[PDB]
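Q: Handing you this structure, nothing more for now.
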Amino acid sequence: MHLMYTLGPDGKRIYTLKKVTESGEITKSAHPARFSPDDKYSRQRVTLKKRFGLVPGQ
């Protein structure tokens with residue numbers, strides 16, 4: 001039962017994951033406070049289906 005959907009900032013199904021390879025720096029898609037992390041807005045089907053591009057790096 002992997003892959004999660006969020007309806008917070010908008011309300012749809014923010015695609016993401018929790019498994020080991022769950023998004024990048026960010027906790028997973030969605031917004032952390034300001035347009036930063038992928039948010040699941042990194043066009044799915046790209047890369048390798050892992051994470052959504054990440055952003056809140058360090």
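Residues in the structure tokens are named by chain (A, B, ... in the order shown) and by number from 1 within that chain; ligands are numbered from 1 in the order shown.
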Skipping near chain neighbours, those fewer than 5 positions away, what residues fall within 9 Å of stretch 1-14 of chain A using only C-alpha atoms, listed as a VMD selection string?

A: chain A and resid 19 22 29 to 31 39 to 41

Q: Could you pull the residues within 12 Å of residue A:58, counting only C-alpha atoms, minus those fewer than 3 positions along the same chain, as a list in words?

A: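 Contacts, in chain order: residues 24, 25, 26, 54 and 55 of chain A.
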
Q: Next, write the just-selected residues to a file, as a PDB file, in the first residue's frame, keeping N, CA, C and O atoms as the atom set.

A:
ATOM      1  N   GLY A  24      12.549  13.447  -2.054  1.00  0.00           N
ATOM      2  CA  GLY A  24      13.908  13.816  -1.707  1.00  0.00           C
ATOM      3  C   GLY A  24      13.992  14.540  -0.380  1.00  0.00           C
ATOM      4  O   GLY A  24      13.252  14.225   0.553  1.00  0.00           O
ATOM      5  N   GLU A  25      14.897  15.511  -0.292  1.00  0.00           N
ATOM      6  CA  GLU A  25      15.073  16.278   0.935  1.00  0.00           C
ATOM      7  C   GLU A  25      13.735  16.503   1.629  1.00  0.00           C
ATOM      8  O   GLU A  25      13.577  16.187   2.808  1.00  0.00           O
ATOM      9  N   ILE A  26      12.769  17.041   0.890  1.00  0.00           N
ATOM     10  CA  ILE A  26      11.446  17.291   1.445  1.00  0.00           C
ATOM     11  C   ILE A  26      10.855  16.002   2.011  1.00  0.00           C
ATOM     12  O   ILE A  26      11.276  14.906   1.639  1.00  0.00           O
ATOM     13  N   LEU A  54      12.478  16.579  -5.586  1.00  0.00           N
ATOM     14  CA  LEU A  54      13.024  17.211  -4.386  1.00  0.00           C
ATOM     15  C   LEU A  54      13.368  18.675  -4.647  1.00  0.00           C
ATOM     16  O   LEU A  54      13.363  19.127  -5.791  1.00  0.00           O
ATOM     17  N   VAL A  55      13.689  19.401  -3.576  1.00  0.00           N
ATOM     18  CA  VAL A  55      14.060  20.813  -3.681  1.00  0.00           C
ATOM     19  C   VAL A  55      14.685  21.330  -2.392  1.00  0.00           C
ATOM     20  O   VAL A  55      15.815  21.812  -2.413  1.00  0.00           O
TER      21      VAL A  55
END

Q: To one decimal place, how far is atom CA of residue A:33 from atom CA of residue A:18 in Å?

A: 19.6 Å

Q: Which residues, written as a list in words, have at least one atom at most 12 Å from residue A:43, with only C-alpha atoms counted and residues fewer than 3 positions away on the same chain left out?

A: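 Here the qualifying residues turn out to be residues 14, 15, 16, 29, 38, 39, 40, 46, 47, 48, 49, 50, 51, 52 and 53 of chain A.
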
Q: Go ahead and write the residues just picked, N, CA, C and O atoms, as a JSON list (two decimals), in the first residue's frame.

A:
[["chain", "number", "residue", "atom", "x", "y", "z"],
["A", 14, "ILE", "N", -2.06, 14.88, -4.08],
["A", 14, "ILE", "CA", -0.62, 15.06, -4.14],
["A", 14, "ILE", "C", 0.09, 13.72, -4.09],
["A", 14, "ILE", "O", 0.22, 13.12, -3.02],
["A", 15, "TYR", "N", 0.52, 13.24, -5.26],
["A", 15, "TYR", "CA", 1.20, 11.96, -5.37],
["A", 15, "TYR", "C", 2.57, 12.00, -4.70],
["A", 15, "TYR", "O", 3.34, 12.95, -4.88],
["A", 16, "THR", "N", 2.87, 10.96, -3.94],
["A", 16, "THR", "CA", 4.15, 10.85, -3.24],
["A", 16, "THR", "C", 4.38, 9.42, -2.76],
["A", 16, "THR", "O", 3.73, 8.49, -3.23],
["A", 29, "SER", "N", 6.46, 15.47, -1.58],
["A", 29, "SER", "CA", 5.55, 16.38, -2.29],
["A", 29, "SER", "C", 4.96, 17.42, -1.33],
["A", 29, "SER", "O", 5.62, 17.82, -0.37],
["A", 38, "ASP", "N", 9.17, 19.46, -4.67],
["A", 38, "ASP", "CA", 8.47, 19.09, -5.89],
["A", 38, "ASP", "C", 6.98, 19.30, -5.71],
["A", 38, "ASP", "O", 6.33, 19.98, -6.51],
["A", 39, "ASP", "N", 6.43, 18.71, -4.65],
["A", 39, "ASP", "CA", 5.01, 18.84, -4.37],
["A", 39, "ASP", "C", 4.24, 17.87, -5.23],
["A", 39, "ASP", "O", 3.01, 17.92, -5.29],
["A", 40, "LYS", "N", 4.98, 17.01, -5.93],
["A", 40, "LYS", "CA", 4.37, 16.06, -6.83],
["A", 40, "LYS", "C", 4.12, 16.73, -8.18],
["A", 40, "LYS", "O", 3.44, 16.19, -9.05],
["A", 46, "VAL", "N", 8.54, 10.32, -15.12],
["A", 46, "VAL", "CA", 9.89, 10.73, -15.47],
["A", 46, "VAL", "C", 10.90, 10.19, -14.46],
["A", 46, "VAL", "O", 10.53, 9.65, -13.42],
["A", 47, "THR", "N", 12.19, 10.34, -14.78],
["A", 47, "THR", "CA", 13.25, 9.86, -13.91],
["A", 47, "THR", "C", 13.20, 8.35, -13.74],
["A", 47, "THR", "O", 13.74, 7.60, -14.55],
["A", 48, "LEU", "N", 12.53, 7.89, -12.67],
["A", 48, "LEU", "CA", 12.42, 6.46, -12.41],
["A", 48, "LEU", "C", 11.24, 6.17, -11.49],
["A", 48, "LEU", "O", 11.20, 5.13, -10.82],
["A", 49, "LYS", "N", 10.27, 7.08, -11.45],
["A", 49, "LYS", "CA", 9.09, 6.90, -10.61],
["A", 49, "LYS", "C", 9.43, 7.11, -9.13],
["A", 49, "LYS", "O", 8.57, 6.97, -8.27],
["A", 50, "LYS", "N", 10.69, 7.43, -8.86],
["A", 50, "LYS", "CA", 11.14, 7.66, -7.49],
["A", 50, "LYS", "C", 11.18, 9.15, -7.17],
["A", 50, "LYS", "O", 11.62, 9.96, -7.98],
["A", 51, "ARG", "N", 10.71, 9.50, -5.97],
["A", 51, "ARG", "CA", 10.69, 10.90, -5.55],
["A", 51, "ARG", "C", 10.05, 11.77, -6.63],
["A", 51, "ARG", "O", 9.71, 11.28, -7.71],
["A", 52, "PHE", "N", 9.89, 13.06, -6.35],
["A", 52, "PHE", "CA", 9.28, 13.96, -7.33],
["A", 52, "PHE", "C", 10.21, 15.12, -7.70],
["A", 52, "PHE", "O", 9.74, 16.18, -8.12],
["A", 53, "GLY", "N", 11.52, 14.91, -7.57],
["A", 53, "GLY", "CA", 12.46, 15.95, -7.93],
["A", 53, "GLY", "C", 13.12, 16.64, -6.75],
["A", 53, "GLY", "O", 14.19, 17.22, -6.88]]
